[PDB]
Each structure stands twice: as structure tokens, then as C-alpha cells.
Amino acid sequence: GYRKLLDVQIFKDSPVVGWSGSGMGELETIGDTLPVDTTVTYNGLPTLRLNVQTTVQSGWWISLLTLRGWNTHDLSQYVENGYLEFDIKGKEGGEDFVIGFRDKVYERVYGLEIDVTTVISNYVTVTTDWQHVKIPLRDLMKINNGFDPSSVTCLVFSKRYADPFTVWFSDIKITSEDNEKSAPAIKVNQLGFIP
């Protein structure tokens, strides 16, 4: 029945509601969230820019991208076969940082919010060219330490090393099963005209 689950789109073409910041303003932000790059594009669509401009020695920087404008979202049924997919490319290459999810459970008094994380390098080796990466949910959200996949609020990016860096994201979303995207068996001028 997870196969009838629709994709959960986190970023497509516009500013995402959430909060991004750092101790000394190392992380580039606007309106306290990630800026949308209209110059570096993918498939003609704008990208999401994660830009740590100076060496990070405030100790930290974080980026929270909400799935439902801060409300919780039930993702339990995406865990056993789903993935976190997105395309990325670095300014140079070899960029690395923490990536995961955060939940919210008001009834867990010893910690209202818990995060599950991993390093992006474990699933890709960022280059200067676009790459499509798939992180598997079951690899993150396989608890025992409190995380509640039925109460997820945000996706998270976070400091790994203090090195400054820049990457661009595209088509960030949550899938329930596994795919190989595709395209019609068509011409660009199916339809006679081209939209």
C-alpha cells in the first residue's frame, strides 16, 4: 500500500519554509532560510543553495527544511522501502556535511525533538557536475533511540567540518518505493508545438 503513497516534495522551485542559521552568520541565508539560486539551474528549474561562506568557527550552522510548515508528517509507511532523493553538485567537489531528519513528539518529556543523521559522503561523492543521490530512509529512521517517523517535521543539513563550501540542491523529495525515473516515449514536438 506504500506504493500508492505519493511523493513528499521538500524543494522544487521556490523558497522553503523553515529556519537556517549559524553562530556568526557563516551560513548564507535570507529570511532565515536557504536562498533560491535562479542562475545555477537544473532541468531549467532554480536550485536550493547551501552556502557556508567563511570558515565556521562559531562552532555550528544548521538548515531546517519543513515538510508541513512545522507540523508533523506521518512518514512511517515510507521507511521500509522509501528514499530521500535529490540532485546535487558542489562548487569544487568533495563537499560534505550532516544530513537527516527531525521529529517532534510533545509527550516525550525528556526530549521534545529528536534527529536522525548521517553524512552525505556516505551516499555520494559530490563533484562539480550534477548527480542524483538516494538516501534510504530505513538507514536513518531505524530507531531504538527515540526517533518517531510518524511525527517528522523537517529535513536537516548541518555542520560536519569547519571548511567553507557551496552546493546546490534540486528536486528534493521523499519516495515510498524505488524508481528509475523515466520519460515518455515521445518527441519534444509531440503535440506539434512545444510548451
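Numbering starts at 1 and runs along the sequence shown.
The mean Cα B-factor in the deposited entry runs higher for 54-62 than for the other of 54-62 and 27-35. Between the stretches 137-145 and 155-163, it is 137-145 that shows the larger average CA temperature factor. Residue set 74, 113, 85, 92: peak C-alpha B-factor at 92 (per PDB entry). When the C-alpha B-factors of 15, 18, 21, 184 are ranked from the entry, the top spot goes to 184. Residue 41 sits in the middle third of its chain by CA B factor, as recorded in the PDB entry. Remark: residue 80 belongs to the middle third of its chain, ranked by C-alpha B-factor as recorded. Ranked within its chain, residue 123 lands in the highest third, by CA B factor from the PDB record.
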